[PDB]
$ cat upload.pdb   # PDB, C-alpha atoms and all ligand atoms
ATOM      1  CA  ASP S1107      17.276   8.276  18.501
ATOM      2  CA  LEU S1108      17.774   6.967  14.934
ATOM      3  CA  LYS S1109      20.956   5.037  14.073
ATOM      4  CA  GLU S1110      23.212   7.645  12.430
ATOM      5  CA  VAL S1111      25.358   5.696   9.951
ATOM      6  CA  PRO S1112      28.645   7.304   8.774
ATOM      7  CA  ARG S1113      28.648   8.789   5.249
ATOM      8  CA  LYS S1114      32.059   7.107   4.788
ATOM      9  CA  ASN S1115      30.311   3.702   4.871
ATOM     10  CA  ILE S1116      27.548   4.786   2.442
ATOM     11  CA  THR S1117      27.995   4.546  -1.350
ATOM     12  CA  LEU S1118      25.405   5.207  -4.084
ATOM     13  CA  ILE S1119      25.321   2.457  -6.731
ATOM     14  CA  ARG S1120      22.424   3.198  -9.088
ATOM     15  CA  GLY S1121      19.456   5.532  -9.572
ATOM     16  CA  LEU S1122      16.274   3.506  -9.025
ATOM     17  CA  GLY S1123      13.442   6.057  -9.260
ATOM     18  CA  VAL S1130      15.718   7.370  -4.945
ATOM     19  CA  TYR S1131      18.959   5.341  -5.135
ATOM     20  CA  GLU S1132      20.258   1.774  -4.952
ATOM     21  CA  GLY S1133      22.885   1.754  -2.187
ATOM     22  CA  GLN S1134      25.444  -0.162  -0.133
ATOM     23  CA  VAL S1135      26.798   0.140   3.417
ATOM     24  CA  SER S1136      30.182  -1.322   4.458
ATOM     25  CA  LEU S1145      24.518  -4.784   2.784
ATOM     26  CA  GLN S1146      22.358  -3.717  -0.175
ATOM     27  CA  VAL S1147      20.047  -0.839   0.833
ATOM     28  CA  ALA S1148      17.827   1.805  -0.766
ATOM     29  CA  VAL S1149      18.730   5.464  -0.247
ATOM     30  CA  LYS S1150      16.212   8.309  -0.168
ATOM     31  CA  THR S1151      17.825  11.761  -0.494
ATOM     32  CA  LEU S1152      16.750  15.292   0.508
ATOM     33  CA  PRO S1153      17.529  18.284  -1.772
ATOM     34  CA  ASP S1163       9.521  16.999   7.631
ATOM     35  CA  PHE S1164      11.996  14.519   6.355
ATOM     36  CA  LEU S1165      13.576  14.053   9.594
ATOM     37  CA  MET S1166      10.046  12.698  10.396
ATOM     38  CA  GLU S1167       9.049  10.141   7.878
ATOM     39  CA  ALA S1168      12.040   8.064   8.858
ATOM     40  CA  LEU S1169      11.229   8.502  12.560
ATOM     41  CA  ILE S1170       7.723   7.089  11.867
ATOM     42  CA  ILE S1171       8.924   4.154   9.731
ATOM     43  CA  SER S1172      11.733   3.493  12.243
ATOM     44  CA  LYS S1173       9.221   2.911  15.066
ATOM     45  CA  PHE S1174       7.454   0.081  13.163
ATOM     46  CA  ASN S1175       8.511  -3.561  13.602
ATOM     47  CA  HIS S1176       6.666  -5.716  11.051
ATOM     48  CA  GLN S1177       7.592  -7.854   8.027
ATOM     49  CA  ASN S1178       5.091  -6.149   5.689
ATOM     50  CA  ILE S1179       6.466  -2.642   6.275
ATOM     51  CA  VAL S1180       9.818  -1.555   4.814
ATOM     52  CA  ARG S1181      12.587  -1.403   7.414
ATOM     53  CA  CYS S1182      14.513   1.762   8.170
ATOM     54  CA  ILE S1183      18.160   0.674   8.134
ATOM     55  CA  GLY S1184      19.486   4.039   9.313
ATOM     56  CA  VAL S1185      20.054   7.705   8.457
ATOM     57  CA  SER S1186      22.807  10.105   7.361
ATOM     58  CA  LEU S1187      21.902  13.554   8.734
ATOM     59  CA  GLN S1188      25.557  14.441   9.501
ATOM     60  CA  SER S1189      26.566  15.293   5.908
ATOM     61  CA  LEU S1190      24.518  16.854   3.064
ATOM     62  CA  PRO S1191      22.475  15.813   1.173
ATOM     63  CA  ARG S1192      20.699  14.042   4.053
ATOM     64  CA  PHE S1193      19.984  10.316   3.525
ATOM     65  CA  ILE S1194      17.538   7.803   4.911
ATOM     66  CA  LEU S1195      18.680   4.182   4.565
ATOM     67  CA  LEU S1196      15.823   1.779   3.821
ATOM     68  CA  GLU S1197      15.148  -1.884   3.053
ATOM     69  CA  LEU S1198      15.875  -2.448  -0.650
ATOM     70  CA  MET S1199      12.686  -3.447  -2.494
ATOM     71  CA  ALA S1200      14.016  -4.660  -5.869
ATOM     72  CA  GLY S1201      10.494  -5.101  -7.286
ATOM     73  CA  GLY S1202       9.686  -1.377  -7.068
ATOM     74  CA  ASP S1203       6.179  -0.024  -6.438
ATOM     75  CA  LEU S1204       3.106  -2.268  -6.764
ATOM     76  CA  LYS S1205       1.251  -0.011  -9.249
ATOM     77  CA  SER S1206       4.063  -0.251 -11.825
ATOM     78  CA  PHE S1207       4.555  -3.983 -11.199
ATOM     79  CA  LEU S1208       0.925  -4.865 -11.987
ATOM     80  CA  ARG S1209       1.099  -2.730 -15.145
ATOM     81  CA  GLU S1210       4.428  -4.097 -16.379
ATOM     82  CA  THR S1211       3.638  -7.722 -15.414
ATOM     83  CA  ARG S1212       0.162  -7.763 -17.011
ATOM     84  CA  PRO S1213      -0.559 -11.091 -18.812
ATOM     85  CA  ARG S1214      -0.053 -10.877 -22.601
ATOM     86  CA  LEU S1221       1.017 -14.086 -13.054
ATOM     87  CA  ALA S1222      -1.872 -15.882 -11.314
ATOM     88  CA  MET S1223      -4.801 -14.989  -9.046
ATOM     89  CA  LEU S1224      -3.004 -16.390  -5.976
ATOM     90  CA  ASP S1225      -0.127 -13.957  -6.591
ATOM     91  CA  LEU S1226      -2.677 -11.126  -6.269
ATOM     92  CA  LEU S1227      -4.121 -12.691  -3.115
ATOM     93  CA  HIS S1228      -0.678 -12.932  -1.484
ATOM     94  CA  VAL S1229       0.006  -9.288  -2.330
ATOM     95  CA  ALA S1230      -3.394  -8.416  -0.809
ATOM     96  CA  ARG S1231      -2.705 -10.537   2.285
ATOM     97  CA  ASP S1232       0.747  -8.962   2.644
ATOM     98  CA  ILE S1233      -0.605  -5.393   2.783
ATOM     99  CA  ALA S1234      -3.545  -6.493   4.952
ATOM    100  CA  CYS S1235      -1.076  -7.889   7.539
ATOM    101  CA  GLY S1236       0.828  -4.596   7.526
ATOM    102  CA  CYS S1237      -2.448  -2.690   7.856
ATOM    103  CA  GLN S1238      -3.503  -4.952  10.724
ATOM    104  CA  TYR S1239      -0.171  -4.155  12.389
ATOM    105  CA  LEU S1240      -0.855  -0.432  11.990
ATOM    106  CA  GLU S1241      -4.431  -0.922  13.258
ATOM    107  CA  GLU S1242      -3.251  -2.857  16.331
ATOM    108  CA  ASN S1243      -0.790  -0.018  17.019
ATOM    109  CA  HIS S1244      -3.414   2.708  16.496
ATOM    110  CA  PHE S1245      -1.581   4.251  13.558
ATOM    111  CA  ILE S1246      -3.575   5.543  10.596
ATOM    112  CA  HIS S1247      -1.898   5.454   7.191
ATOM    113  CA  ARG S1248      -4.451   7.667   5.377
ATOM    114  CA  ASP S1249      -3.042   6.887   1.882
ATOM    115  CA  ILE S1250      -3.135   3.107   1.335
ATOM    116  CA  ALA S1251      -2.651   2.743  -2.414
ATOM    117  CA  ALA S1252      -0.758   0.513  -4.842
ATOM    118  CA  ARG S1253       1.680   3.374  -5.552
ATOM    119  CA  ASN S1254       2.706   3.402  -1.843
ATOM    120  CA  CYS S1255       3.435  -0.361  -1.714
ATOM    121  CA  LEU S1256       6.814  -1.892  -2.666
ATOM    122  CA  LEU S1257       7.902  -5.437  -3.630
ATOM    123  CA  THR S1258      11.036  -7.216  -2.338
ATOM    124  CA  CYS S1259      11.794  -9.123  -5.549
ATOM    125  CA  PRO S1260       9.752  -9.087  -8.787
ATOM    126  CA  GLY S1261       9.634 -12.879  -9.323
ATOM    127  CA  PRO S1262       7.790 -15.475  -7.186
ATOM    128  CA  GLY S1263       8.454 -15.183  -3.455
ATOM    129  CA  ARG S1264       7.505 -11.505  -3.669
ATOM    130  CA  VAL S1265       6.657  -9.748  -0.438
ATOM    131  CA  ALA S1266       4.585  -6.559  -0.610
ATOM    132  CA  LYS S1267       5.267  -3.962   2.080
ATOM    133  CA  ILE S1268       3.945  -0.476   2.857
ATOM    134  CA  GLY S1269       6.738   1.796   1.608
ATOM    135  CA  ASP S1270       5.399   5.353   1.940
ATOM    136  CA  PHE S1271       4.185   7.188   5.067
ATOM    137  CA  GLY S1272       4.282  10.785   3.763
ATOM    138  CA  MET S1273       0.554  11.423   4.197
ATOM    139  CA  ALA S1274       0.455  10.306   7.845
ATOM    140  CA  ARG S1275       3.521  12.504   8.458
ATOM    141  CA  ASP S1276       2.127  15.635   6.728
ATOM    142  CA  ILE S1277      -0.664  15.680   9.314
ATOM    143  CA  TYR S1278       1.495  14.490  12.237
ATOM    144  CA  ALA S1289      -5.740  18.110  -6.523
ATOM    145  CA  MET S1290      -2.886  16.277  -4.758
ATOM    146  CA  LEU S1291      -5.265  14.735  -2.184
ATOM    147  CA  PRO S1292      -6.000  11.005  -2.788
ATOM    148  CA  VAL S1293      -9.788  11.355  -3.145
ATOM    149  CA  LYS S1294     -10.332   8.022  -4.922
ATOM    150  CA  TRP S1295      -8.907   6.157  -1.908
ATOM    151  CA  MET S1296     -10.808   8.232   0.702
ATOM    152  CA  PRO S1297     -14.161   7.482   2.379
ATOM    153  CA  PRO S1298     -16.905  10.180   2.514
ATOM    154  CA  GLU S1299     -16.245  11.323   6.097
ATOM    155  CA  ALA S1300     -12.604  11.990   5.106
ATOM    156  CA  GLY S1304     -12.767  15.410   7.340
ATOM    157  CA  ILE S1305     -12.569  12.585   9.896
ATOM    158  CA  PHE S1306      -9.954   9.803   9.913
ATOM    159  CA  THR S1307     -10.158   6.380  11.611
ATOM    160  CA  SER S1308      -8.677   2.898  11.208
ATOM    161  CA  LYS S1309     -11.820   2.386   9.116
ATOM    162  CA  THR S1310     -10.408   5.063   6.794
ATOM    163  CA  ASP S1311      -7.576   2.683   5.916
ATOM    164  CA  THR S1312     -10.184  -0.066   5.470
ATOM    165  CA  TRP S1313     -11.829   1.985   2.701
ATOM    166  CA  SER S1314      -8.571   2.767   0.899
ATOM    167  CA  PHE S1315      -7.546  -0.897   1.208
ATOM    168  CA  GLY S1316     -10.762  -1.852  -0.593
ATOM    169  CA  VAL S1317      -9.691   0.541  -3.357
ATOM    170  CA  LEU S1318      -6.170  -0.902  -3.238
ATOM    171  CA  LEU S1319      -7.859  -4.281  -3.619
ATOM    172  CA  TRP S1320      -9.476  -3.049  -6.832
ATOM    173  CA  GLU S1321      -6.103  -1.748  -8.051
ATOM    174  CA  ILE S1322      -4.588  -5.200  -7.506
ATOM    175  CA  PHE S1323      -7.313  -7.247  -9.228
ATOM    176  CA  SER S1324      -7.726  -4.706 -12.055
ATOM    177  CA  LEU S1325      -3.943  -5.128 -12.542
ATOM    178  CA  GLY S1326      -2.950  -1.496 -11.946
ATOM    179  CA  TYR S1327      -5.848   0.504 -13.413
ATOM    180  CA  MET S1328      -6.734   3.952 -12.055
ATOM    181  CA  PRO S1329      -9.756   3.869  -9.706
ATOM    182  CA  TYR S1330     -13.007   5.180 -11.236
ATOM    183  CA  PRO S1331     -11.164   5.092 -14.624
ATOM    184  CA  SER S1332     -13.090   7.795 -16.530
ATOM    185  CA  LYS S1333     -14.007   9.958 -13.489
ATOM    186  CA  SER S1334     -12.235  12.981 -12.003
ATOM    187  CA  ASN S1335     -11.702  13.648  -8.272
ATOM    188  CA  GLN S1336     -14.814  15.839  -8.056
ATOM    189  CA  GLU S1337     -16.952  13.357 -10.030
ATOM    190  CA  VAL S1338     -15.768  10.490  -7.793
ATOM    191  CA  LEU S1339     -16.441  12.650  -4.727
ATOM    192  CA  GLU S1340     -20.101  13.132  -5.683
ATOM    193  CA  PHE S1341     -20.425   9.594  -7.103
ATOM    194  CA  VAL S1342     -19.260   8.007  -3.827
ATOM    195  CA  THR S1343     -21.305  10.415  -1.681
ATOM    196  CA  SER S1344     -24.450   9.385  -3.592
ATOM    197  CA  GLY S1345     -23.743   5.667  -2.918
ATOM    198  CA  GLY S1346     -21.954   4.829  -6.178
ATOM    199  CA  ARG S1347     -19.262   2.142  -6.090
ATOM    200  CA  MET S1348     -16.819   0.628  -8.574
ATOM    201  CA  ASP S1349     -17.825  -2.421 -10.609
ATOM    202  CA  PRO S1350     -15.845  -5.645 -10.322
ATOM    203  CA  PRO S1351     -12.491  -5.476 -12.112
ATOM    204  CA  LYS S1352     -12.328  -7.694 -15.206
ATOM    205  CA  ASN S1353     -12.418 -11.433 -14.293
ATOM    206  CA  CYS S1354     -12.542 -10.643 -10.551
ATOM    207  CA  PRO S1355     -14.032 -13.477  -8.457
ATOM    208  CA  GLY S1356     -17.193 -12.629  -6.497
ATOM    209  CA  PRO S1357     -15.633 -13.443  -3.093
ATOM    210  CA  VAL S1358     -12.821 -10.919  -3.681
ATOM    211  CA  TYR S1359     -15.238  -8.235  -4.917
ATOM    212  CA  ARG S1360     -17.356  -8.897  -1.833
ATOM    213  CA  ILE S1361     -14.323  -7.875   0.274
ATOM    214  CA  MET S1362     -14.053  -4.626  -1.728
ATOM    215  CA  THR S1363     -17.791  -4.046  -1.298
ATOM    216  CA  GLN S1364     -17.856  -4.230   2.518
ATOM    217  CA  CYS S1365     -14.650  -2.180   2.669
ATOM    218  CA  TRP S1366     -16.634   0.538   0.876
ATOM    219  CA  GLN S1367     -19.586   0.503   3.289
ATOM    220  CA  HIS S1368     -20.856   4.062   3.762
ATOM    221  CA  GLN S1369     -20.947   3.958   7.553
ATOM    222  CA  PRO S1370     -17.455   3.243   8.999
ATOM    223  CA  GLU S1371     -18.601   0.985  11.867
ATOM    224  CA  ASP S1372     -20.145  -1.373   9.275
ATOM    225  CA  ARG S1373     -16.794  -1.849   7.490
ATOM    226  CA  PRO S1374     -14.569  -4.699   8.668
ATOM    227  CA  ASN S1375     -11.335  -4.324  10.634
ATOM    228  CA  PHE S1376      -8.183  -5.814   9.092
ATOM    229  CA  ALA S1377      -8.329  -9.048  11.119
ATOM    230  CA  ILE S1378     -11.640  -9.838   9.425
ATOM    231  CA  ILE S1379     -10.242  -8.676   6.072
ATOM    232  CA  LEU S1380      -7.276 -11.078   6.388
ATOM    233  CA  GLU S1381      -9.574 -13.858   7.543
ATOM    234  CA  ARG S1382     -11.649 -13.259   4.386
ATOM    235  CA  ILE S1383      -8.594 -12.984   2.121
ATOM    236  CA  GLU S1384      -7.493 -16.295   3.665
ATOM    237  CA  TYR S1385     -10.907 -17.745   2.812
ATOM    238  CA  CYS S1386     -10.443 -16.693  -0.833
ATOM    239  CA  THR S1387      -6.996 -18.308  -0.738
ATOM    240  CA  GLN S1388      -8.705 -21.540   0.359
ATOM    241  CA  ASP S1389     -11.344 -21.289  -2.395
ATOM    242  CA  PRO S1390     -10.146 -22.959  -5.647
ATOM    243  CA  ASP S1391     -12.853 -21.337  -7.815
ATOM    244  CA  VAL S1392     -11.222 -18.061  -6.780
ATOM    245  CA  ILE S1393      -7.659 -19.299  -7.315
ATOM    246  CA  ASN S1394      -8.242 -21.258 -10.545
ATOM    247  CA  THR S1395      -9.818 -18.184 -12.221
ATOM    248  CA  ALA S1396      -7.695 -16.953 -15.144
ATOM    249  CA  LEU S1397      -6.581 -13.307 -15.250
ATOM    250  CA  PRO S1398      -7.553 -11.060 -18.197
TER     251      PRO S1398
HETATM  252  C1  LIG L1401      12.094   0.960  -9.272
HETATM  253  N1  LIG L1401      12.096   1.424  -7.859
HETATM  254  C2  LIG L1401      12.433   0.838  -6.710
HETATM  255  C3  LIG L1401      12.226   1.780  -5.707
HETATM  256  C4  LIG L1401      12.466   1.573  -4.244
HETATM  257  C5  LIG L1401      13.130   0.424  -3.797
HETATM  258  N2  LIG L1401      13.357   0.215  -2.491
HETATM  259  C6  LIG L1401      12.946   1.108  -1.552
HETATM  260  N3  LIG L1401      13.052   1.120  -0.200
HETATM  261  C7  LIG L1401      12.491   2.232   0.351
HETATM  262  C8  LIG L1401      12.003   2.957  -0.702
HETATM  263  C9  LIG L1401      11.310   4.262  -0.529
HETATM  264  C10 LIG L1401      11.446   5.310  -1.413
HETATM  265  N4  LIG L1401      10.679   6.298  -0.891
HETATM  266  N5  LIG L1401      10.121   5.809   0.307
HETATM  267  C11 LIG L1401       9.235   6.749   1.001
HETATM  268  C12 LIG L1401       9.935   7.712   1.941
HETATM  269  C13 LIG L1401       9.855   9.083   1.700
HETATM  270  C14 LIG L1401      10.476   9.988   2.560
HETATM  271  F1  LIG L1401      10.398  11.308   2.314
HETATM  272  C15 LIG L1401      11.170   9.526   3.676
HETATM  273  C16 LIG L1401      11.244   8.159   3.924
HETATM  274  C17 LIG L1401      10.622   7.255   3.061
HETATM  275  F2  LIG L1401      10.701   5.937   3.320
HETATM  276  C18 LIG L1401      10.495   4.547   0.544
HETATM  277  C19 LIG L1401      12.284   2.256  -1.966
HETATM  278  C20 LIG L1401      12.029   2.514  -3.307
HETATM  279  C21 LIG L1401      11.750   2.946  -6.312
HETATM  280  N6  LIG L1401      11.666   2.739  -7.647
END
$ encode --input "upload.pdb" --output "C-alpha cells"
Amino acid sequence: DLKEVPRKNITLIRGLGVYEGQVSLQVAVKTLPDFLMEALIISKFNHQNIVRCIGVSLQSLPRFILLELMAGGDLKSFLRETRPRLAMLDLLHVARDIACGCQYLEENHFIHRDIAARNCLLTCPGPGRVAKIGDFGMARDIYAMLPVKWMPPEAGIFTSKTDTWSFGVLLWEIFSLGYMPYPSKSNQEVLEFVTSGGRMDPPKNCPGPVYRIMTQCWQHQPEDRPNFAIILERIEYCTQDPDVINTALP
C-alpha cells in the first residue's frame, strides 16, 4: 500500500524535535522506538495544507515514516518565538491555510478531533510560509492528556462541527500569538466554564471581525456553528478589510 523506500537511500541529517532527513530530496523523518496507521491516514490525503507522506521504512528497525519537511516547525512555537518586540495578514494567511485543510477534511468526511496550533507545521519560517496540519494522532487513536480546551461540550459526540469549535480555539491561539487557551483555568474549570456558556475574551488587539469568527465557532449548538467553507469565506472577508489588516499586533 504505502511506498516502502529502501533504508539504504535514507540518511538522518539532524535532530529537529523527529529528524531532518534526506533520500537519494530533503524530508522529515519520524521514528518509532498504531504507527503503521498514522502514516496510512496522512498518506490518503491529497491537499496542499496537509503535510505529505513521502514514504515509509518498515523493512528495517527503527521504523521510519518519511514526511514533507516543514522547516518552520510547529505553529505554537513559531507564534511564541516570532512575537513582536509579523503582521495581522500573516496571521490571517495562517488561519486561511488551516481552514483550507480543514475544509478538505470536511469535504472528505474526516474528523481531526485535535485541531490546535501545536498540531500545525510551517514550511519556512519567513514570508511565504504555508501552514499545514501535521499531526493526526488523535483521529488515529480512535480509528489529563485529552485536549479539553479545544473540545466542544458534546465532545462524547464528534462531528465536523467538532473541528469547527477547535478551529475557533486555534484562531484564538493565532491572534493571541501562542497563548494557552483559558490562560488561568484548568481543564476541569474550562469544562464547567464552557458548559455554563462562558467563552474566551478577544485576544489582545484582535479585530472584531476575527473575534466574531471565533464566537460563532464556539456556538453551543453544533448546527449553529459554520462549516469551513463559510469560515474561509469569512476569513477572506477579513483579508479584504483594511481596518482588520492595518491593525498593529501587541
Ligand atoms: C523544529 N521542528 C520541526 C519539526 C517538523 C518538521 N517537519 C515535519 N514533517 C512532518 C513532521 C511530523 C512530526 N510528527 N508528525 C506527526 C506524526 C506522528 C506519527 F506518530 C506518525 C506520523 C506523523 F506524521 C509530523 C515534522 C516535524 C518538528 N520540530
$ closest_atom_pairs --input "upload.pdb" --of "chain S" --to "ligand LIG 1401 (chain L)" --cutoff "6 Å" --atoms "all atoms listed in the file" --output "tab-separated table"
residue	atom	partner	partner_atom	distance
S:1122	CA	L:LIG1401	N1	4.8
S:1123	CA	L:LIG1401	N6	4.1
S:1130	CA	L:LIG1401	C10	5.9
S:1148	CA	L:LIG1401	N3	4.9
S:1150	CA	L:LIG1401	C10	5.8
S:1164	CA	L:LIG1401	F1	5.4
S:1167	CA	L:LIG1401	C15	4.7
S:1168	CA	L:LIG1401	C16	5.0
S:1196	CA	L:LIG1401	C7	4.8
S:1197	CA	L:LIG1401	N3	4.9
S:1198	CA	L:LIG1401	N2	4.1
S:1199	CA	L:LIG1401	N2	3.7
S:1200	CA	L:LIG1401	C5	5.6
S:1202	CA	L:LIG1401	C2	3.5
S:1269	CA	L:LIG1401	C18	4.8
S:1270	CA	L:LIG1401	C11	4.2
$ atom_distance --input "upload.pdb" --atom1 "CA of residue 1313 in chain S" --atom2 "CA of residue 1292 in chain S"
12.1 Å
$ closest_residue --input "upload.pdb" --among "S:1110, S:1132, S:1232, S:1163" --to "residue 1278 in chain S" --atoms "all atoms listed in the file"
S:1163
$ resolve_selection --input "upload.pdb" --expression "the PyMOL selection byres (((chain S and resi 1315-1332) around 6) and not hetatm)" --output "JSON, numbers by chain"
{"S": [1205, 1208, 1209, 1250, 1251, 1252, 1295, 1311, 1312, 1313, 1314, 1333, 1351, 1362, 1365]}
$ residues_around --input "upload.pdb" --residues "residue 1247 in chain S" --least-positions-apart "2" --cutoff "8 Å" --atoms "all atoms listed in the file" --output "PyMOL selection string"
chain S and resi 1240+1245+1249-1250+1271+1273-1274+1311
$ write_last_selection --input "upload.pdb" --atoms "C-alpha atoms" --output "tab-separated table (two decimals), in the coordinates of the input"
chain	number	residue	atom	x	y	z
S	1240	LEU	CA	-0.86	-0.43	11.99
S	1245	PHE	CA	-1.58	4.25	13.56
S	1249	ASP	CA	-3.04	6.89	1.88
S	1250	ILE	CA	-3.14	3.11	1.34
S	1271	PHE	CA	4.18	7.19	5.07
S	1273	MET	CA	0.55	11.42	4.20
S	1274	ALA	CA	0.46	10.31	7.84
S	1311	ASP	CA	-7.58	2.68	5.92
